[PDB]
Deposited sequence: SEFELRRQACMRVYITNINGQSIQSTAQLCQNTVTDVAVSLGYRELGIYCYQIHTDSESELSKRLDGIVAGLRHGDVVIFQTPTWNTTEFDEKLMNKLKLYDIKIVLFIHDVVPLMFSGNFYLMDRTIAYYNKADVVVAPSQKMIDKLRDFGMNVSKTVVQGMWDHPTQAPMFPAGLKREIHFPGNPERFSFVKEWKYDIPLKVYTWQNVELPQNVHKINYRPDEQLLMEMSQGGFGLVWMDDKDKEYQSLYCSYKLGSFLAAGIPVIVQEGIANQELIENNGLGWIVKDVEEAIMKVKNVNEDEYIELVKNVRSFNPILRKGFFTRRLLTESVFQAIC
C-alpha cells in the first residue's frame, strides 16, 4: 500500500522564504493526502556520525518499501545532510522525487560535483525551468524523467481591492538586492523589508509584515517588479521567483527583466511586461494609460486562481509521483 511522503524543513526564521516555500508546498501535499517527513534545521557538526544516522532514522521511521518520497532540496542543513538523507532513502525500495527549490552551488560552486552526485540518485527531478534542467545536465545530472515547475503558487484568501498607481512594489531584502540601495528614478519604489537600513530618496522602506497584509495593500493598483542584481543574473534565468507569484496573487501586473526563466508564462497569459532594463520599465509605467492597465489587471485576475488555490504545486506534486512509477 504505497503512501507518498514529502520532506519539509522547520526551525528557520519566520522571515525565511526557503522555509515558507517548503511549508506551503507541504500544506498542499497534505491536502492531497501526502505525509510529511519533518526536518529540523540545526548545526550538523554537533552530531557524531552515529547520532546523525539515528536522527535520520527518526525522520524516516514511518517509511516503508513501496512508498514514494519527495525530497524538497536543499534542507539547508549543509550538503552533508542532504547527501546522507538521500543515502538513507536509497536503503528503501522506494521511488524518489527530487524537488529542487534552489541549487546552492549556482547561488559554493565547488560543491556542485557532490550535489550532482546525490541528485542522480533520484528517479524524477522537478526543476524550476527547462533552462535549469539543461544547465544541470551540463554538470552531469542524468536523471531521465524531469518535470518543470514553471511558477511558485501563493495560496491565500486575501481580499482583492479594485485596481493605476504609477508606483512599484519590491518585497525583498536590500542586502540581497543591492540595486535597491542605488535606486535613483523618480517613480516610487516601495521596499518591504525587516532590514534596519535607510535607503535613497524615492525609496519608501516599509517594515516586514504578514503576507496576507501585503497582498491586500498591493491589490489597490500599480506594478510589481521582479528583478535581480548583476551578481545573480545567471541564477535568475534559471529559478522561479517567489515574489512573482506574490504580485500576481495580489492581482496586479508585473514587470520582469528579459531572460527570466519561464517568461513565456507572463507573455502567453498577458500578465505584464518583459523589459530590457529598469529604464524601459520606468518608461512603461509613466507611459501606460488606464485602458491598457485595465486589460492587464483582468488578465492577472483571470489567471491568479491557479496561484491562490495552489495549482502549479498540485500539478507538479501529482505528475512527479505519477512519473516516478510509470
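Residues of the deposited sequence lacking C-alpha coordinates, numbered from 1, fall in the stretches 1-9, 117-119, 176.
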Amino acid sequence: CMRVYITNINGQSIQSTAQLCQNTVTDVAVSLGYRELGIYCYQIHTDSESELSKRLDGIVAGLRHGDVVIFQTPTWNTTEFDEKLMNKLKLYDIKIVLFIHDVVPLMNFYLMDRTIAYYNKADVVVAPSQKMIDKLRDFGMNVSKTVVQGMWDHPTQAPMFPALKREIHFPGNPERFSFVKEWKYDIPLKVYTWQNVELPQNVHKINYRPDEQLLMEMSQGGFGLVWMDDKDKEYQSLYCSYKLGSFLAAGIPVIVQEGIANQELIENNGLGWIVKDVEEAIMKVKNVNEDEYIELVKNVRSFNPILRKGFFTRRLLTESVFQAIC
From here on, numbers count along this sequence of modelled residues.
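Looking at 120-128 and 245-253 together, the entry lists the larger mean B-factor for 245-253, computed on C-alpha atoms. Averaged over Cα atoms, the B-factor as recorded in the entry is higher for 165-173 than for the other of 231-239 and 165-173. Taking the deposited Cα B-factors for 156, 78, 87, 202, the highest one is held by 202. Per the PDB record, 291 has a higher Cα B-factor than any other of 57, 47, 27, 291. Ranked by C-alpha B-factor against the other modelled residues of its chain, residue 271 falls in the middle third. In the PDB entry, residue 278 places in the highest third of its chain by CA B-factor.
The deposited CA B-factor of residue 13 belongs to the highest third of values across its chain.
When all modelled residues of the chain are sorted by CA temperature factor, residue 301 is found within the middle third.
Residue-level temperature factors show residue 198 in the highest third of its chain, judged at the C-alpha atom.
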